[PDB]
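# Sequence first, structure after; it's an experimental one.
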There are 2 protein chains.
Amino acid sequence: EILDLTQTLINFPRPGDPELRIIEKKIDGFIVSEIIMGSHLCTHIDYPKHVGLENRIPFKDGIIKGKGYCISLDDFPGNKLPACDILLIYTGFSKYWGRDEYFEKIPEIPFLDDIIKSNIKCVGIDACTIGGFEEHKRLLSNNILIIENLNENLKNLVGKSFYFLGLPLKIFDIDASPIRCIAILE
Amino acid sequence: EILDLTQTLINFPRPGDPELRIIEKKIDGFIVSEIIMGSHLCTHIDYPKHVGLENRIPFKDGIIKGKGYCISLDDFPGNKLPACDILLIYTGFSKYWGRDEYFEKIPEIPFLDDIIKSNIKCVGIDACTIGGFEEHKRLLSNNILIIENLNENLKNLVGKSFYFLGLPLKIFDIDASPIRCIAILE
């Protein structure tokens, strides 16, 4: 039915980045909190503003949706990309989530050219990055959004077609937002 | 198809509550941000911790889902509640979103008793509150979650059956979270 692809929000920022802080207060019998987080913390979507470009409206209401397909990075050598709106890339690096090692695992995606020529609208990955500044800008400059730090459930989706929904914090004019991502399986 | 029921995140806290602050920095050609927000800012879900109780797992992965139904508060006098997992209540108070007046508009829901006897799992409303501490605790203490500050699109849903999805910031052990809410119409 529904598979959650989001990591639980934890204080596991990229080194250099703001820590997660949740400040709880007791007031008149209610418990209330303040949340302090960097925009790139945990499962998040990058917008073009992140690399100094103007954001656009590729998705109505900013709701990431459409047919999804998941490929394994190691299996996918000289292939036709799947016909999909959202391409998920399973690296296996999610195995290392929550461990410092994780931020040293940088995927090498040899078929970025092909993604840029496709009608893919967003790429998601179970890793901290799809690559460097240049790789991010290459995608973002060509109106392809990027979702990072997806969880290990991408493993379950490899070779499968599913419907993808990514619901960010409804902010516009930001470089990035925390995003809750699910796969709806048939 | 998909109707977004979420308010855009803006610096419109309940008086007394933390302001929204988004701090943007330029670093090595990237633009990055820090987000500071109260847990009850804009469209949010209340958990039992908000009234000093223990959170449970009524929804798998914390994903609010199921059959939805929307009723108009003024039309709904002595009625059978709809058969639904998620009950939305349209007050019209969303008309005043972003205006100080909005936080003075407090719904009076005479059928709270009936909600407590139903199998409804969550109640959502286009208003700042469903009522006072006692009304919140009455629902939360009986394992019914509460979504506040839904938008004016609830008007479009009155009398309709739809599928509801509410995707919060994946935090557990918090009193409340910002939640992105949609209706999937047939």
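The structure has been received and is ready for your questions. Residues are numbered from 1 along each chain as shown, chains lettered A, B, ... in the order given.
# residue ranges of the helices in chain A, please?
Ranges of helices in chain A, per DSSP state H, are A:112-117, A:133-141.
# how about the shortest one: buried residues?
This points to helix A:112-117. Across helix A:112-117, burial judged by 16 or more other CB atoms under 10 Å in any protein chain shown covers A:112, A:115. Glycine gets a C-beta too; all of them are placed from N, C-alpha and C.
# got a list of what the residue nearest to the spatial centre of chain A touches?
Geometric centre of chain A, nearest residue: residue A:147, 1.8 Å, by CA atoms, centre = their mean. Contacts for residue A:147 (CB atoms under 8 Å, 6 or more residues apart in numbering or on different chains) come out as A:43, A:44, A:45, A:46, A:64, A:122, A:123, A:124, A:125, A:166, A:179, A:181.
# Tell me the buried residues within those residues.
Buried residues within these, defined by neighbour count using 16+ other CB under 10 Å: A:43, A:44, A:45, A:46, A:64, A:122, A:123, A:124, A:125, A:166, A:179, A:181.
# Among those residues, name the ones that also lie close to chain B.
Checked against chain B using CB under 8 Å from any CB of the partner chain, those give the following subset in range: residue A:43.
# now, which of the buried ones among the contacts of residue A:147 lie within strands?
Members of the buried ones among the contacts of residue A:147 lying in strands (criterion: DSSP state E): A:44, A:45, A:46, A:64, A:122, A:123, A:124, A:125, A:166, A:179, A:181.
# who's in contact with the last one?
Right, the one you point to is residue A:181. Contact analysis of residue A:181 by CB under 8 Å, 6+ apart lists A:4, A:5, A:6, A:43, A:64, A:124, A:147, A:150, A:164, A:165, A:166, A:167.
# run the last query once more with 7 Å
A:5, A:6, A:43, A:124, A:147, A:150, A:166 (CB atoms under 7 Å, 6 or more residues apart in numbering or on different chains).
# which two in those are spaced the farthest apart?
A:6 and A:124 (10.7 Å; CB to CB).
# follow-up on the earlier one: can you say which of the helices of chain A is nearest to chain B?
Chain B lies closest to helix A:133-141 among the helices of chain A, at 6.0 Å (CB to the nearest CB).
# what sits up against that closest one?
So helix A:133-141 is contacted by A:46, A:48, A:50, A:51, A:53, A:112, A:116, A:123, A:130, A:146, B:29, B:30 (CB under 7 Å, 6+ apart).
# tell me the phi and psi of the residue nearest to residue A:33 when sequence neighbours are not counted?
Excluding its sequence neighbours, the residue lying closest to residue A:33 (CB to CB, 6 or more residues apart in numbering or on different chains) is residue B:39, at 4.0 Å. Note on residue B:39: backbone dihedrals following degrees, to the nearest 10 are phi -60, psi -20.
# What sits closest to the most far-flung residue of chain A relative to its centre if chain neighbours are left out?
Using CA atoms, centre = their mean, the residue of chain A lying farthest from its centre is residue A:28. It sits 38.8 Å away. In space, residue A:28 comes closest to residue B:133 once its chain neighbours are excluded; the distance is 7.6 Å by CB to CB, 6+ apart.
# Equivalent analysis for residue A:14, please.
Computed as CB to CB, 6+ apart, the closest residue to residue A:14 that is not its neighbour in sequence is residue A:103, at 5.8 Å.
# Please apply the same query to residue A:51.
In space, and not counting its chain neighbours, residue A:51 is closest to residue A:137: 4.4 Å by CB to CB, 6+ apart.
# Next: residue A:52.
Of all residues beyond its chain neighbours, the one nearest residue A:52 is residue B:31 (6.0 Å), with distances taken as CB to CB, 6+ apart.
# any idea how far the one you found is from residue B:25?
Shown here: residue B:31 relative to residue B:25, a distance of 7 Å by CB to CB, to the nearest Å.
# Counting neighbours around each, name which of these two comes out higher.
Here residue B:31 and residue B:25 are compared on neighbour count by other CB atoms under 10 Å in any protein chain shown; more neighbours surround residue B:31, at 19 against 12.
# Surely that one touches residue B:23?
No: using CB atoms under 7 Å, residue B:31 makes no contact with residue B:23, being 11.4 Å away.
# Next, count neighbours for residue A:77.
Neighbours of residue A:77 under the rule other CB under 10 Å: 8.
# Show me which residues of chain A sit near chain B.
A:2, A:4, A:6, A:8-9, A:18, A:22, A:29-40, A:49-52, A:61, A:63, A:65, A:133, A:167-172, A:174-176, A:178, A:180, A:182 (CB under 7 Å from any CB of the partner chain).
# Out of those residues, which end up buried?
Those of these that meet the buried threshold are A:2, A:4, A:6, A:8-9, A:18, A:22, A:30-40, A:49-51, A:61, A:63, A:65, A:167-171, A:174-176, A:178, A:180, A:182, by 16+ other CB under 10 Å.
# Filter these down to the ones in strands?
Those of these mapping onto strands are A:2, A:4, A:22, A:30-38, A:65, A:167-168, A:176, A:178, A:180, A:182, per DSSP E.
# follow-up on the earlier one: can I get the contacts of helix A:133-141 in a markdown table including distance to residue B:98?
Output for the contacts of helix A:133-141, formatted as a markdown table (distance: CB to CB, whole Å):
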| residue | distance to residue B:98 |
| --- | --- |
| A:46 | 28 |
| A:48 | 27 |
| A:50 | 28 |
| A:51 | 31 |
| A:53 | 29 |
| A:112 | 42 |
| A:116 | 40 |
| A:123 | 35 |
| A:130 | 37 |
| A:146 | 31 |
| B:29 | 35 |
| B:30 | 32 |
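# circling back: could you pull up the contacting residues of the residue nearest to residue A:14?
Residue A:103 neighbours (CB under 7 Å, 6+ apart): A:14, A:15, A:128.
# Many thanks, we can stop here.
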